[PDB]
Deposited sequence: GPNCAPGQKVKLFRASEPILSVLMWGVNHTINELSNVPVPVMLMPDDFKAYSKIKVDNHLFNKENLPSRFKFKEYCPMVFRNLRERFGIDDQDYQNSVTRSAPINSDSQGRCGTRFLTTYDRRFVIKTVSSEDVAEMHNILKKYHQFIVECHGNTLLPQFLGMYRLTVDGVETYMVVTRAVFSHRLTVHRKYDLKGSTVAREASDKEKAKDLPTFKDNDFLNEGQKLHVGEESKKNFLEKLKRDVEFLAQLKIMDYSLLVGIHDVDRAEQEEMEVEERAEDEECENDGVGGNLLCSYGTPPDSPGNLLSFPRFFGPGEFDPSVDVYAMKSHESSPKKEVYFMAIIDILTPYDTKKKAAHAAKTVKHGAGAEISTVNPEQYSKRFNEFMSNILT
């Protein structure tokens, strides 16, 4: 029951402390019929000074600001994330790393003041857009926005649902825009899990085999989402593409158990929300994770971007 907020860096402990603290407060705050325009200009601020006390893991002094907390609670509900689960993923053990919760469910990115600014501008429209699509979207699902202060330095963070599966392993990833001229630098290509780009993707004849029912529901999301990004005049985002090779993982698992001594391709679509199985007619048995990232030629992109993503599938 006892949380120590132990982390490799103080910032992280403060993060764990803040999510823990703010989620508990929300738990005493009745759940509103609807949201109100002020909820979109609201915030919580807490400043801690702990003298000669409770300093094993937390600094004596820090600040924690949560943006628009009523809105993000409701956003969580819409995306079917229970506050307690969220709270636990962040607090049970330090996030890892751009961070991930220890259980790989939530991404936590550090962002700009301008990003936080941009979140506010698009927030009323984004909330409404999440409602009229019932949370069915390739877009980032935003769960919280925070400003931490440690040693008088301010850090902004945005929490999202993870694109990749919290269990299944990604063996190959791309970041796609659709033009110009994009590839992975010999630097990247020589990393463990290179972020490949379009020309890399096109250049390798890469195709994803998902089957018609899935392809249609995916393309119908992509269409609505990217029109929304066009309306909001947003630009330069990407389609994160993760590929899981089922047989490869099973072998990797087997090699993992043998070493220790000295089911495959399955995922819960309620948790691994961006994941699609490969069509039974696929070369390899694969699992794909696809979503739009980095939303923080306007109507052009919409078309440029959309036509491309549409050609990845079969």
property	result
Chain regions without C-alpha coordinates, deposited sequence numbering	1 to 8, 106 to 115, 198, 282 to 314, 349 to 375
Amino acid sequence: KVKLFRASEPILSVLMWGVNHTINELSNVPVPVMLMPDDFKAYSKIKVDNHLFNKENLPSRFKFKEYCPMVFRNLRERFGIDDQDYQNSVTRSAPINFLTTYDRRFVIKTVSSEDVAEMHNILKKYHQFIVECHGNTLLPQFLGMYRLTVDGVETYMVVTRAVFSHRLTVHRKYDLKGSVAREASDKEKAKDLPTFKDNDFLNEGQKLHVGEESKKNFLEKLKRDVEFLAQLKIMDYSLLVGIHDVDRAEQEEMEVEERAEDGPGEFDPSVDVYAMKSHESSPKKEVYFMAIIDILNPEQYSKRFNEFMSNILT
From here on, numbers count along this sequence of modelled residues.
property	result
Higher-scoring stretch by recorded Cα B factor average, 82 to 90 or 209 to 217	209 to 217
Given 297 to 305 and 8 to 16, the range whose Cα B-factors average higher in the PDB entry	297 to 305
Selection from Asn97, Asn74, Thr155, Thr160 [criterion: highest C-alpha temperature factor in the record]	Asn97
Highest recorded Cα temperature factor - choice among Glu280, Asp39, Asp49, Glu250	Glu280
B-factor third for the C-alpha atom of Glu255 within its chain	middle
Cα B factor band for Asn136 (lowest, middle or highest third within the chain)	middle
For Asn54, the third of its chain into which the C-alpha B factor falls	lowest
Third assignment of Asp262 from its chain's C-alpha B-factors	highest
Within-chain third of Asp272 by Cα B-factor, per the entry	middle
